[PDB]
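K.L.:
Numbering of the sequence shown is given in our numbering, commencing with residue 66 and proceeding in unit increments.
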Amino acid sequence: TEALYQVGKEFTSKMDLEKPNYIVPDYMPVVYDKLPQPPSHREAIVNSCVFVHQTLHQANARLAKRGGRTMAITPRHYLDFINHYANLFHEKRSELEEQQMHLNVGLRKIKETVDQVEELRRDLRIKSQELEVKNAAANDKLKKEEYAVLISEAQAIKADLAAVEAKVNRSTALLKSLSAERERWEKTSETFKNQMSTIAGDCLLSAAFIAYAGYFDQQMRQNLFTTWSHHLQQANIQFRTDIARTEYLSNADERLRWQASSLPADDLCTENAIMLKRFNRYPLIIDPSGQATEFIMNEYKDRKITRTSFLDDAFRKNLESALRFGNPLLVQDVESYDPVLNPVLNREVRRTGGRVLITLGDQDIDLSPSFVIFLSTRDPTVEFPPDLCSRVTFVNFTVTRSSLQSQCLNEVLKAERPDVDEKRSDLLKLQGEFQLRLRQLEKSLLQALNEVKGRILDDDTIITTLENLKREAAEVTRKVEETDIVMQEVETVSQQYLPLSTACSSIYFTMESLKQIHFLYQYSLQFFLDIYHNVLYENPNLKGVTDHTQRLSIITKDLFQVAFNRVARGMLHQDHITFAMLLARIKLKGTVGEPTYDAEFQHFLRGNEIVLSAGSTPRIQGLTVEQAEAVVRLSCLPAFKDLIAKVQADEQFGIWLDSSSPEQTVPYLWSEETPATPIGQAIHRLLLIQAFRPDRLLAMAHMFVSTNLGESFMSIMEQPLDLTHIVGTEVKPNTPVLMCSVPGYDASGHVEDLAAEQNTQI
Numbered sequence: 066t067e068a069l070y071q072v073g074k075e076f077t078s079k080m081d082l083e084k085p086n087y088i089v090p091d092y093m094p095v096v097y098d099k100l101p102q103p104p105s106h107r108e109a110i111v112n113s114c115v116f117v118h119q120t121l122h123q124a125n126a127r128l129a130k131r132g133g134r135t136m137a138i139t140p141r142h143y144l145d146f147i148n149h150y151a152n153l154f155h156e157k158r159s160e161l162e163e164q165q166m167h168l169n170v171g172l173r174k175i176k177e178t179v180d181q182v183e184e185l186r187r188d189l190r191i192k193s194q195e196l197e198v199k200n201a202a203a204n205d206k207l208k209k210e211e212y213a214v215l216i217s218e219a220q221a222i223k224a225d226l227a228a229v230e231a232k233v234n235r236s237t238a239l240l241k242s243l244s245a246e247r248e249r250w251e252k253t254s255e256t257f258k259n260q261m262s263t264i265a266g267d268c269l270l271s272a273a274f275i276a277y278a279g280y281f282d283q284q285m286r287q288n289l290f291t292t293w294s295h296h297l298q299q300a301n302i303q304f305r306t307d308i309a310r311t312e313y314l315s316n317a318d319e320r321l322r323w324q325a326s327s328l329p330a331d332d333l334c335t336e337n338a339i340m341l342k343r344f345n346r347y348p349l350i351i352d353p354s355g356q357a358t359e360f361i362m363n364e365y366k367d368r369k370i371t372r373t374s375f376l377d378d379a380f381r382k383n384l385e386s387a388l389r390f391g392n393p394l395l396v397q398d399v400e401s402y403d404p405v406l407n408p409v410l411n412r413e414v415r416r417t418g419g420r421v422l423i424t425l426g427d428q429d430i431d432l433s434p435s436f437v438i439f440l441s442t443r444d445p446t447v448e449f450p451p452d453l454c455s456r457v458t459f460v461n462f463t464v465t466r467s468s469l470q471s472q473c474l475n476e477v478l479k480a481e482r483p484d485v486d487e488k489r490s491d492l493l494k495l496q497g498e499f500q501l502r503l504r505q506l507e508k509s510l511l512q513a514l515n516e517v518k519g520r521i522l523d524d525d526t527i528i529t530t531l532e533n534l535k536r537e538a539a540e541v542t543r544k545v546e547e548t549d550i551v552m553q554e555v556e557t558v559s560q561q562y563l564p565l566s567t568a569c570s571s572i573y574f575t576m577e578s579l580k581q582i583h584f585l586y587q588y589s590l591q592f593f594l595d596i597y598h599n600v601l602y603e604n605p606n607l608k609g610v611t612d613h614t615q616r617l618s619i620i621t622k623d624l625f626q627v628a629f630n631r632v633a634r635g636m637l638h639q640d641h642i643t644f645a646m647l648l649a650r651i652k653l654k655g656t657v658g659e660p661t662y663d664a665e666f667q668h669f670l671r672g673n674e675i676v677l678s679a680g681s682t683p684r685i686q687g688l689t690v691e692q693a694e695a696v697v698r699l700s701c702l703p704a705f706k707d708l709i710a711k712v713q714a715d716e717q718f719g720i721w722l723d724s725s726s727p728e729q730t731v732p733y734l735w736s737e738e739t740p741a742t743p744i745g746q747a748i749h750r751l752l753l754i755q756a757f758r759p760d761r762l763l764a765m766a767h768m769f770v771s772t773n774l775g776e777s778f779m780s781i782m783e784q785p786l787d788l789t790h791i792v793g794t795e796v797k798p799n800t801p802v803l804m805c806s807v808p809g810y811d812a813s814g815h816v817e818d819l820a821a822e823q824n825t826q827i
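1) Using 8 Å as the threshold, is the segment 780 to 794 in touch with the segment 566 to 582, meaning 3 or more CB pairs across them?
2) Quick one: complete alpha helix (DSSP H) runs, 4+ long, within the segment 226 to 307?
3) Within 8 Å, do at least three Cβ pairs link the segment 800 to 819 to the segment 678 to 690?
4) Could you check whether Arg456 and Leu410 sit closer than 8 Å to each other, using their CB atoms as the reference points?
5) Which of the three DSSP states, helix, strand or coil, is assigned to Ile642?
6) With distances taken Cα to Cα, identify the nearest neighbour of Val117 among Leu289, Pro101 and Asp444.
7) Is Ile651 close to the ligand GDP? I mean its beta-carbon at under 7 Å from any heavy atom of the ligand.
8) Please classify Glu255 as buried or exposed, where buried requires at least 16 neighbouring CB atoms within 10 angstroms.
9) Tell me, please, which residues DSSP counts as bridged to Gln397.
10) Note down the Cα distance separating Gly793 from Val802, rounded to an integer number of angstroms.
11) Can a CB atom of chain D be found closer than 8 Å to the CB of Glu413?
12) Within 10 angstroms of its Cβ, does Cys701 collect 16 or more other Cβ (buried), or is it exposed?
13) Could you give the distance in angstroms between the alpha-carbon of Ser724 and the alpha-carbon of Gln746?
14) What do you reckon, are the CB atoms on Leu432 and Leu395 nearer than 8 Å?
15) How would you call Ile720, buried or exposed, if buried means at least 16 neighbouring beta carbons within 10 angstroms?
16) Between the alpha carbons of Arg372 and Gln71, how many angstroms are there, rounded?
17) Does the pairing of the segment 553 to 561 with the segment 520 to 533 give three or more beta-carbon distances under 8 Å?
18) Put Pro348 into one of helix, strand or coil per three-state DSSP.
19) Of all the options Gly655, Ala645, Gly609 and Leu503, which has the alpha carbon lying nearest to the alpha carbon of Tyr562?
20) Which word fits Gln717, buried or exposed, when buried means at least 16 other C-beta atoms lie within 10 angstroms of its C-beta?
21) Please confirm whether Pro104 and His296 have their CB atoms less than 8 Å apart.
22) Roughly how many angstroms separate the alpha carbons of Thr465 and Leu594, rounded to a whole number?
23) Ignoring anything shorter than 4 residues, give me the alpha helix (DSSP H) runs that lie fully in the segment 67 to 119, in order along the chain.
24) Near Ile827, what residues of its chain come up, given a Cβ to Cβ distance below 8 Å and the 5 sequence neighbours on each side ignored?
25) So what's residue 18 in DSSP terms, helix, strand or just coil?
26) Please return the same chain residues whose Cβ sits closer than 8 Å to the Cβ of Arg186, not counting the five positions on each side in sequence.
27) Below 8 Å between beta carbons: does that hold for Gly266 and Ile302?
28) Where do the N-terminal and C-terminal ends of the alpha helix (DSSP H) with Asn148 fall, by residue?
29) How about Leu601 and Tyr588: do their beta carbons lie closer than 8 Å?
30) Have a look at the DSSP bridge pairing and note the partners of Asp429.
31) What did DSSP end up calling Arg131 once you bin it into helix, strand or coil?
32) How many Å lie between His106 and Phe146 at the Cα?
33) Identify which residue in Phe769, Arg616, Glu67 and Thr77 has its Cα closest to the Cα of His155.
34) Classify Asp331 as buried or exposed, calling it buried when 16 or more other Cβ atoms lie within 10 Å of its own Cβ.
35) To the nearest angstrom, report how far apart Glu822 and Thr442 are at their CA atoms.
36) What does the Cβ neighbour count give for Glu665, buried or exposed, with the cut at 16 atoms within 10 Å?
Structure (structure tokens):
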């Protein structure tokens, strides 16, 4: 902690972190034991910088204790952190001061313009007086050749007055047209002090996010930011809580180009793009889906980026060429990392004799300053050694629930409402261009007032340009309003397909969690997307259906069925009920008319955590000790509060307790106010069976799945595998077919027979 503080304080000396008005809180979140008792604002900032680094150690411990994969936290992360803090602070301070410079110039030109028309109106009145004097003098002289010149002079002044009065009206209309811009610039100028007062805190949070948050998923990234934000609050460090981190670390122009480079429209993906732009250590990209690899290649075509791999034979030549010519290089398969990059990643350059040299193996190479290297892997489960973790910036592309919901909502819209989906796509392109144009319009209009000398009225060209920029600004603003209402037509159509997209994300994230119960249950996002595509485009139940609502019900039903069919063929049969149980719970959440049953499922799981004392559990005649305890624990629900009495009042309960199939005749032994639902009755029977006949819990679970998903939902697993249909239609040629068998079983013969049936060579 002492080393971190000294590094932070020494490295932030160039920083302008002096806030004489800073108030020391009564409870100071001190992490450096020798931090001075009345800490200064700079002392608090460096103390907060130390705290952020130590939070990642706590963060790694929490994921490690839960079995999650963690990457080593090294001092190079801290050096990365403070480096980004210095750069962002200077960048944000420079941008704000530069912006405040234009606003002050723009405001003063408008104020001068208001003065100019005031004297020009005074001049207009003066010129009118001159016309009255000249006309009267000419008339009096005429009433008594030179007088023809005098009236010509008066007529010439009349043209001058006409030019003056037209200039007054046009400049007044310009001032009225510039009233909104003058008001907007005044408001921001007042807020200059507030923004200056939060840059120190805002950049600290932003820099920490770039240096540490890359490897973690959406939930863990948010937890880290909230922990840092909370600490700044206890330290009285000022930071704004309104602007999102993506908006504060990137502009709209860059985000527009990122979309053109096929970057997914997702906040975490946008955060990754910012990391891929503001990195200090070279980025290591983790993208199982592969859009990040495409995005990097789209973003760097103009700079001639080359894709290679650590396993390719030309990697050393490609690396040498990229270093020598300064071209971007993308290297895949970083799980096979070649330690030849160790000097490159550590930036161990030797500058002697006007030459910048990098030692690659035993050969010295001149390093061009435009060189950049990106490392990528498609395996999210790969472990890297701590030495590699210290040399790279982790940028993890993990699927978020919101992003998958958007992907699935868009895909069903494309399949089901192609006219609506196309209209949505055109509007997003139109609105993207429209917002782009407005940004140029406000920038250009600001530049015109910031580059004009003397007065605006003096040069009529400046006046015309402002009117044209204002005229185009109003029309585009008119075009934005009309695109807003048409999106409302798109949004209200898309609301019908929202529950399906929620079901899609829940199903995939259930599939993604199946690796926790067996190492074999590995499922990519493409596997689920193939399932989703099958339900939307290769569904025999939609052949003649035309009603959108009925098609949606078919799609929703068939999505659960195909998901179970394809996943369970690659699961052990003992785990089939577990996956079907979860799909039923996902489908239950989709039913608006059903209750949550959260308490009943809370009791169905865990359950044993309700500790019972010796006096808490009595001796119920007709039940064993374990059965009696299950009665007492189940008694905690309001529905089963009168559980012991109901069993005692039922002498026929003894017969049902020792029946072969008690799950099919579970007595109505639960109390309730309103009549329960068939799904609700099954859950009550499920709790009763678990309490009294745990050997029939699987049988009751199958009935629960039958109640939610149908009687034939699990029937495919009972049939022999139809390898012919799956290989011919469901399996892509690039996808290997994995024949996994338990000992004593071997699927080689099935493949050999399958080739014979198809009369194909193998």
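Just so it is clear, CB atoms sit at the ideal spot from N, CA and C, and this is done for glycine as well.
P.N.:
According to the data block:
1) Fewer than three beta-carbon pairs drawn from the segment 780 to 794 and the segment 566 to 582 are found closer than 8 Å, and the two stretches are therefore not classed as touching.
2) Assignment of alpha helix (DSSP H) within the segment 226 to 307, counting only whole runs of 4 or more residues, yields 244 to 255, 257 to 277 and 283 to 299 in chain order.
3) At 8 Å Cβ cutoff, the stretches do not touch.
4) Yes, Cβ-Cβ distance for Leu410 and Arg456 is below 8 Å.
5) Collapsing the DSSP output to three states places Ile642 in a helix.
6) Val117 has its Cα closest to that of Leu289, out of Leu289, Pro101 and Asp444.
7) The ligand GDP is not part of the structure shown, which contains no ligands of any sort.
8) An exposed status is given to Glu255, since fewer than 16 other beta-carbon atoms sit within 10 Å of its beta-carbon.
9) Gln397 has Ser374 as its beta-bridge partners, per DSSP.
10) For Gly793 and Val802, the distance between alpha carbons rounds to 12 Å.
11) Structure shown: chain D not included; a single protein chain is present.
12) Exposed: under 16 other Cβ atoms inside 10 Å.
13) Their Cα atoms are separated by approximately 20 Å.
14) Taking the C-beta atoms as reference points, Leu395 is found no nearer than 8 Å to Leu432.
15) Exposed.
16) Straight across, the Cα-Cα distance linking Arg372 with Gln71 is about 41 Å.
17) Using a C-beta cut-off of 8 Å, the segment 553 to 561 makes no contact with the segment 520 to 533, since fewer than three inter-stretch Cβ pairs fall below that distance.
18) The answer is strand: DSSP assigns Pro348 an E or B state.
19) With distances taken between Cα atoms, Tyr562 lies closest to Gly655.
20) Residue burial is scored here from C-beta neighbours: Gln717 has fewer than 16 other C-beta atoms within 10 angstroms and is therefore classed as exposed.
21) No.
22) Answer to the nearest angstrom: the Cα atoms are 15 Å apart.
23) As far as the segment 67 to 119 is concerned, its whole alpha helix (DSSP H) runs of at least 4 residues are 67 to 76.
24) Once the five neighbours on either side are set aside, the close Cβ partners of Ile827 are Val816, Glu817 and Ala820.
25) Nothing can be reported for residue 18: it is not among the residues displayed for the chain, which extend from 66 to 827.
26) If we look at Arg186 and ignore the five residues flanking it on each side, its Cβ neighbours are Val233.
27) It is a contact, given that the beta carbons lie within the stated cut-off.
28) Here the alpha helix (DSSP H) through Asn148 covers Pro140 to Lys208.
29) No, these two residues do not count as a Cβ contact at 8 Å.
30) For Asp429, the beta-bridge partners assigned by DSSP are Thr424.
31) Three-state result, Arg131: coil.
32) Those two C-alpha atoms are separated by around 19 Å.
33) If we check each option's Cα against that of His155, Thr77 comes out closest.
34) Counting every other CB atom within 10 Å of its CB across the protein chains shown gives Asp331 a total of 16 or more, marking it as buried.
35) If you draw a straight line from the Cα of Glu822 to the Cα of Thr442, it is about 40 Å long.
36) Under this definition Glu665 is a buried residue.
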